[PDB]
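Engineer: Could you have a look at this structure, given as structure tokens, before my questions?
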Amino acid sequence: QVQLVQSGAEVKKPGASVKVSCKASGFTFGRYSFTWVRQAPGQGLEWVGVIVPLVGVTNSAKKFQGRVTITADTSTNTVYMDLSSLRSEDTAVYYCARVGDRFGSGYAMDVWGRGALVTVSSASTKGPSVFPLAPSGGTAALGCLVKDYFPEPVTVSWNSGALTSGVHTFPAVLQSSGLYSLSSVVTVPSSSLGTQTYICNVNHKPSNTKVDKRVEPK
Amino acid sequence: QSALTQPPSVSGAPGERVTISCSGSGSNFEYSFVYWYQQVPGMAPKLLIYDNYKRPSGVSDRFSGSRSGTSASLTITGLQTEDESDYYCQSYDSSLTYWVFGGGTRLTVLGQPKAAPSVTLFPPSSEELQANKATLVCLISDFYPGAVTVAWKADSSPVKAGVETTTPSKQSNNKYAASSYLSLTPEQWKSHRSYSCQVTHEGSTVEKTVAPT
């Protein structure tokens, strides 16, 4: 049940720097090695770098020359990767992986951290504008449009959790302006349209924006 | 560093046997060790095979590795639906201290029946039009396999300008969903007599239409 506990998600502007940590759980550095593997969205795994804390050696892929510094702290068993002058290509999930058996032999990455998403974008934090999508033995569809926010994620509830059936929140779209938009729709018996109210509760935690929008028939 | 070539993907039916190849261009690739990783989408990679053929604890014995000439192969016996994942081979260059990954192989487990997409189309709300904005919302859901194409029409003519469409995403019922948005101006929306989101999936096109009310 050994683990590699990583730091969380970070949103960065291009040209900035990011530092991701990776702390050993249930073991110490010993003779193990620690690598950094990243995955850009919709692409394959890419090896970034490595550190052998016992001997202090560090290396990293050629395309990261001068941009990555891998360090370690043996007293807290934590590994650090620092990636500077960020660009859009660096948007990725950064994993740390332990390498080698308990004698420092072997090169397979056998223990993996859960990963840390790094987003590189020139867009600034913005809360969403919420608009109702009015409905017009049949079912009815009504929804909420959560438009022009950054960054991810947003949560959408219906009637403060009380309505959970027929709810479909679709993955968001990334506009050319760098802001996101998504929609949440609920399918209800059309006869229920005149029985009760429908409120979608939008929460955008990166901007502490909370919006309740009533959705009414046209 | 040298490069490891993997198959673009692999497909099989439940209970069938599938093999994934891996080719290295380096001169020493035949004798160097090869490792195999499985990444379920949404999760971190996990080691399946190390040192050509050895299998860690807790990895099913229907995964096996082998070497043939200057190549490596992963063999998945008795296919199951969870075996859908990306599979990466990897090699380690000792003279560079480099790890080199393969391009990855997407394994699709055949069997799930073809499902047509349900389309829901929303016009711009009156509140959005009062904010001098306008967005048409095409919500697509319940389709399998996980691929659609979306076209928009202003009256009876294509648009392309302002179309933002997401990638397919896997729903909780193992079918797929997608969204397509058309940004417009309040005057463009009231300029045309209607718009039509046309979703194409397996040679069949599903259409919905909305008009200013």
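Residue names in the structure tokens use chain letters A, B, ... in the order shown, residue numbers from 1 in each chain, and ligand numbers from 1 in the order shown.
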Name the residues of segment 7-75 of chain A that fall into strand (DSSP E) according to DSSP on the backbone, using the chain letters and numbers of this document, as number ranges by chain.
Structural biologist: A: 10-12, 18-25, 33-39, 45-52, 57-60, 68-73
Engineer: Which residues are near residue 176 of chain B? Cut-off 7 Å, only C-alpha atoms, ignore same chain within fewer than 3 positions. Put them as a list in words.
Structural biologist: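 Selected residues are residues 141, 142, 143, 144, 146, 168, 169, 170 and 171 of chain B.
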Engineer: Could you dump the residues just selected with N, CA and C atoms as a PDB file, in the first residue's frame?
Structural biologist:
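Final output, again_30.pdb:
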ATOM      1  N   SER B 141     -26.156  12.690 -27.208  1.00  0.00           N
ATOM      2  CA  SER B 141     -25.993  11.713 -26.144  1.00  0.00           C
ATOM      3  C   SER B 141     -26.418  10.334 -26.623  1.00  0.00           C
ATOM      4  N   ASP B 142     -25.995   9.320 -25.859  1.00  0.00           N
ATOM      5  CA  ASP B 142     -26.458   7.938 -25.957  1.00  0.00           C
ATOM      6  C   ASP B 142     -25.992   7.226 -27.220  1.00  0.00           C
ATOM      7  N   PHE B 143     -24.910   7.675 -27.844  1.00  0.00           N
ATOM      8  CA  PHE B 143     -24.451   7.041 -29.068  1.00  0.00           C
ATOM      9  C   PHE B 143     -23.250   6.142 -28.796  1.00  0.00           C
ATOM     10  N   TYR B 144     -23.128   5.092 -29.616  1.00  0.00           N
ATOM     11  CA  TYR B 144     -22.025   4.147 -29.603  1.00  0.00           C
ATOM     12  C   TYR B 144     -21.880   3.638 -31.027  1.00  0.00           C
ATOM     13  N   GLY B 146     -18.013   5.652 -30.134  1.00  0.00           N
ATOM     14  CA  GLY B 146     -17.800   6.991 -29.626  1.00  0.00           C
ATOM     15  C   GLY B 146     -17.293   7.987 -30.645  1.00  0.00           C
ATOM     16  N   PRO B 168     -15.918  13.407 -28.166  1.00  0.00           N
ATOM     17  CA  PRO B 168     -16.808  12.435 -27.520  1.00  0.00           C
ATOM     18  C   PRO B 168     -16.321  12.105 -26.114  1.00  0.00           C
ATOM     19  N   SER B 169     -17.270  11.916 -25.201  1.00  0.00           N
ATOM     20  CA  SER B 169     -16.978  11.595 -23.811  1.00  0.00           C
ATOM     21  C   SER B 169     -17.854  10.435 -23.369  1.00  0.00           C
ATOM     22  N   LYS B 170     -17.304   9.561 -22.536  1.00  0.00           N
ATOM     23  CA  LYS B 170     -18.003   8.337 -22.168  1.00  0.00           C
ATOM     24  C   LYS B 170     -18.983   8.606 -21.027  1.00  0.00           C
ATOM     25  N   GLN B 171     -20.264   8.329 -21.270  1.00  0.00           N
ATOM     26  CA  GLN B 171     -21.313   8.483 -20.269  1.00  0.00           C
ATOM     27  C   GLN B 171     -21.210   7.383 -19.211  1.00  0.00           C
TER      28      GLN B 171
END
Engineer: Distance cut-off 10 Å, counting only C-alpha atoms - which residues of chain A neighbour chain B? Return them as a PyMOL selection string.
Structural biologist: chain A and resi 35+37+39+42-50+58-62+93-97+106-115+129-136+141-143+145+147+168-176+181-185+218
Engineer: Mind checking which residues fall within 6 Å of segment 150-154 of chain A, counting only C-alpha atoms, ignoring those fewer than 5 positions away in the same chain, and posting them as a list in words?
Structural biologist: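 Contacts, in chain order: residues 125, 126, 179, 203 and 204 of chain A.
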Engineer: Neighbours of residue 107 of chain B within 7 Å (only C-alpha atoms; same-chain residues fewer than 6 positions away dropped), as JSON, numbers by chain?
Structural biologist: {"B": [9, 10, 11, 84, 85, 86]}
Engineer: Using only C-alpha atoms, find the one residue out of A:200, A:140, A:193, A:186 that sits nearest to residue 160 of chain A.
Structural biologist: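 With only C-alpha atoms as the atom set, the closest residue is A:200.
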Engineer: Looking at B:174, B:185, B:148, B:157, which one is nearest to residue 129 of chain B, with distances taken over only C-alpha atoms?
Structural biologist: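 Closest to residue 129 of chain B of all the choices is B:185.
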